[PDB]
């Protein structure tokens, strides 16, 4: 029972690039030369092995069910921008959506220290 955002719906999906941006191999060979299906950006088509993206199996499953943005394409799920502090945009460890600290509810001013999950994923 994973929640999808209205603005993530009915949007164009770029043609997936069948190669990992990190290890430069296909779904048939990850870094260990083992099979691993790719995760692909719906904006630009950029793909990566979950292993290359350092995704946990749990995060991998949830991301595959969502409209995912690659590391470069990721916009704030609140304000829909990258902005001045795009490098500091938080990534949810549950769904990998992006959130500026000031766009979080409630707002943050300092970086959380361990695992962080967004307002959408928080119980």
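Numbering follows the first chain given and starts at 1. Rigid core: the largest C-alpha set superposing within 1.5 Å between the two forms.
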Quick check: by Cα RMS after rigid core superposition, does 85-93 or 33-41 differ more from this form in 6 other deposited structures of this protein? 85-93
Which is farther from the shown form in 6 other deposited structures of this protein in C-alpha RMS with the core fitted, 106-114 or 21-29? 106-114
The stretch carrying the higher mean Cα B factor in the deposited entry, 87-95 or 24-32, is 24-32
Of 10-18 and 100-108, the one with larger mean CA B-factor: 10-18
Mind checking which third residue 81 falls in for C-alpha B-factor across the chain? middle
Taking the values exactly as deposited, rank residue 3 by C-alpha B-factor within its chain and report the matching third: lowest, middle or highest. highest
